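Protein chains in written order, with the working numbering: chain A, 1 to 209; chain B, 1001 to 1211.
Just below is one structure, and these are the notes that go with it.
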Amino acid sequence: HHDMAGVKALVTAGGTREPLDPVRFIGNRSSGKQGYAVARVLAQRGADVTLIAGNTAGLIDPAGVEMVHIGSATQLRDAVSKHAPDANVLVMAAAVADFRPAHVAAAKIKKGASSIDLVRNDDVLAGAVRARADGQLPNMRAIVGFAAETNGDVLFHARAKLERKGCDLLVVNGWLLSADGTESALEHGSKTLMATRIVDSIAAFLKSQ
Amino acid sequence: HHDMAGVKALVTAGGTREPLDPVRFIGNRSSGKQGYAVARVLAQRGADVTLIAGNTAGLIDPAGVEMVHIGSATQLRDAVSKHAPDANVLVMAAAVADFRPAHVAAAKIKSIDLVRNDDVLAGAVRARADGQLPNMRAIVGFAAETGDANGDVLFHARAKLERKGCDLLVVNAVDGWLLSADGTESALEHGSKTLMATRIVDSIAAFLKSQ
Ligand SMILES: Nc1ccn([C@@H]2O[C@H](COP(=O)(O)OP(=O)(O)OP(=O)(O)O)[C@@H](O)[C@H]2O)c(=O)n1
Ligand SMILES: Nc1ccn([C@@H]2O[C@H](COP(=O)(O)OP(=O)(O)OP(=O)(O)O)[C@@H](O)[C@H]2O)c(=O)n1
Ligand SMILES: O=C(O)C(=O)c1cn(-c2ccc(O)c(O)c2)c2ccc(-c3ccccc3)cc12
Ligand SMILES: O=C(O)C(=O)c1cn(-c2ccc(O)c(O)c2)c2ccc(-c3ccccc3)cc12
Ligand SMILES: O=C(O)C(=O)c1cn(-c2ccc(O)c(O)c2)c2ccc(-c3ccccc3)cc12
Ligand SMILES: O=C(O)C(=O)c1cn(-c2ccc(O)c(O)c2)c2ccc(-c3ccccc3)cc12
Ligand SMILES: [Ca+2]
Ligand SMILES: [Ca+2]
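Given below as structure tokens:
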């Protein structure tokens, strides 16, 4: 059936790329594929889905989904900021670069005979939790974060991050943590099995509110 | 038709990735497409082709080609050192990072000092001139030049040909240029990857019958 009908969902997926110059950048190895499966499952279940995609050019756009393409952690931030006020659910599956080149060159860098000075990018997810706390996001019912974790075990850092981020749900790479104390293990199955579990926890959270 | 039959060709393509830690790296936006097409056109004309591939645009291994996948500029260097004694033709199409982080972290990191990576094309030219690659008949380099306030595309293409010392330098104007070590400069007319890959290999085969 269709448990996400009427639900407007904003999802980010993939890594961002922080440009050093026109051609080079700082990036990561994340694939974006678990984020895409969640966007896809959500649309399969009736949600009106907008997907902000980073470094995911080899992936198939999920059917029924509004595509928004970004490169950078700041571009991801502004795309979320543009699309956040109208959505009911936000899923932050993207590996958002926490740092950026301090200055980006306008032409291909060719050095002498060196270093990269860095500056910090905004925590988009924490900006979203905050904006809802300040009354800026009245349509928002569920903020979902992502974490790959492994001085404590996988669960020391996962609760510690759930608390620190102040969001409704944290999906850990597996575990699924709610801001109301519940935790469900994620048996290591396919990405479609995972995505379904994630969307069931979402609808369950939406219904609990 | 099958002019390249019997020619052992070593090809690099893609962009290297310089790790900062197990998940993050420095990279570039090179697709690998023109270098794969060269390696394909080379194979379809009879050459026995080895392709050392960095990061590409999801490109599939060309059929008939021996594949070596690498990550970093240093790994690219090691794989070229390994395979170059067999080759008769080296085609350096990869974008090889000229810098890497001085320290790679053993776990997700929670300024980046850079140190320089070796010039692999230049180490090839020096090695053949020192007599360590008797089988190597042709060393091809690639370049993507834009032209600026100091010189047009060709001004920069000429300086790079002379600095590097290779037999042929394929220049994409960011048309384009094919510059030979005898001073011949042929324009690269616009085309698809396959058409231009045929022009590049044409150029290699003319250089080889000329030697
Ligand atoms: N600038 C950032 C960084 C992260 N995220 C979000 O925060 C969550 C992951 O946070 P985090 O665990 O801090 O990512 P890491 O940088 O890998 O974590 P850590 O600092 O603990 O290593 C994800 O939903 C991601 O989309 C974000 O919105 N903005
Ligand atoms: N460390 C390097 C850098 C470049 N290359 C090869 O050298 C050729 C020229 O690449 P390019 O980056 O233009 O050479 P640089 O002189 O390093 O470039 P720039 O002028 O931008 O500094 C290419 O075929 C490339 O595969 C290489 O073998 N090893
Ligand atoms: O969607 C993907 O496959 C992707 O690329 C991911 C990127 N991150 C991510 C986010 C924030 C970070 O700070 C960071 O280092 C990495 C993920 C975190 C978790 C998961 C995941 C969750 C549950 C089950 C399986 C996998 C998937 C990804
Ligand atoms: O210097 C060169 O000629 C030079 O190739 C580079 C200089 N940088 C660079 C940038 C910003 C800095 O702050 C700085 O110190 C140095 C680079 C960064 C990345 C790469 C690269 C990485 C992967 C594939 C291909 C190329 C190459 C260079
Ligand atoms: O194979 C590809 O298409 C690829 O990805 C390339 C990577 N470089 C490259 C190498 C060294 C650099 O420093 C750098 O910035 C980039 C290329 C240079 C030229 C060409 C090319 C040549 C002739 C016609 C069309 C394209 C293609 C590539
Ligand atoms: O600190 C963190 O938690 C943290 O996320 C990072 C710290 N660095 C970093 C590395 C080398 C350095 O020399 C240094 O000063 C700081 C990063 C570099 C890249 C990324 C990144 C880029 C794209 C997507 C996802 C992540 C994330 C971090
Ligand atoms: Ca360089
Ligand atoms: Ca971090």
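Quick reminder that beta carbons are idealized off the backbone N, C-alpha and C, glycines included.
Rounded straight-line distance, which links the Cα of residue j to that of residue i
i                      : j         : result
B/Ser1031              : A/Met4    : 39 Å
B/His1103              : B/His1083 : 28 Å
A/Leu155               : A/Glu183  : 10 Å
A/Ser178               : A/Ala147  : 13 Å
A/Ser201               : B/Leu1188 : 57 Å
residue 215 of chain A : A/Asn88   : Residue 215 of chain A lies beyond the range of chain A shown here (1 to 209); nothing can be said about it.
B/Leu1161              : B/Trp1177 : 11 Å
A/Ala204               : A/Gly27   : 35 Å
B/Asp1175              : B/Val1041 : 20 Å
A/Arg159               : A/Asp122  : 22 Å
residue 219 of chain A : A/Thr74   : With chain A covering only 1 through 209, there is no way to say anything about residue 219 of chain A.
A/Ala105               : A/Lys111  : 12 Å
A/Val38                : A/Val124  : 19 Å
A/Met67                : A/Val199  : 19 Å
A/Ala126               : A/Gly166  : 7 Å
B/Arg1017              : A/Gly135  : 43 Å
B/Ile1070              : B/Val1011 : 13 Å
B/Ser1111              : A/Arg100  : 10 Å
B/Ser1210              : A/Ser190  : 57 Å
B/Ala1043              : A/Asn173  : 43 Å
B/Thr1056              : A/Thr56   : 13 Å
A/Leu170               : A/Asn151  : 20 Å
A/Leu137               : A/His157  : 28 Å
B/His1190              : B/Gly1015 : 23 Å
B/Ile1109              : B/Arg1126 : 39 Å
Status (buried if at least 16 other CB within 10 Å, exposed otherwise) for residue i
i         : result
A/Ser72   : buried
A/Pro85   : exposed
A/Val7    : buried
B/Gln1034 : buried
B/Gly1058 : exposed
B/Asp1061 : exposed
A/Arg120  : exposed
B/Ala1124 : buried
A/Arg164  : exposed
A/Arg29   : exposed
B/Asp1113 : exposed
A/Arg132  : buried
B/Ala1094 : buried
B/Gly1183 : exposed
A/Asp48   : buried
B/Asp1148 : exposed
A/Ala113  : exposed
A/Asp153  : exposed
A/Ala107  : exposed
Whole-angstrom C-beta distance between residue j and residue i, which should lie under 8 Å
i         : j         : result
B/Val1140 : B/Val1091 : 4 Å
B/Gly1046 : B/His1002 : 4 Å
B/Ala1138 : B/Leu1208 : 6 Å
A/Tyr36   : A/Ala9    : Wrong, their Cβ atoms sit about 13 Å apart, outside the cutoff.
Interface partners of residue i on chain C, CB under 9 Å
i        : result
A/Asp117 : In the structure shown, chain C does not exist; the protein chains are A and B.
Okay, do the region 1036 to 1053 of chain B and the region 1075 to 1088 of chain B touch, 3+ Cβ pairs below 8 Å being the bar?
Yes: at least three Cβ pairs fall under 8 Å.
Sufficient close CB pairs (3 or more, under 8 Å) joining the region 190 to 206 of chain A to the region 1014 to 1022 of chain B
no
May I have a chain-ordered list of the beta strand (DSSP E) segments no shorter than 3 residues that lie completely inside the region 1150 to 1191 of chain B?
1168 to 1173, 1176 to 1180, 1185 to 1187
So within the region 1065 to 1129 of chain B, which uninterrupted alpha helix (DSSP H) runs reach at least 4 residues, ignoring any that extend past its ends?
Correct list: 1073 to 1083, 1120 to 1129.
Going residue by residue through the region 1028 to 1068 of chain B, where are the continuous beta strand (DSSP E) segments of at least 3 residues, counting only ones entirely within it?
1048 to 1053
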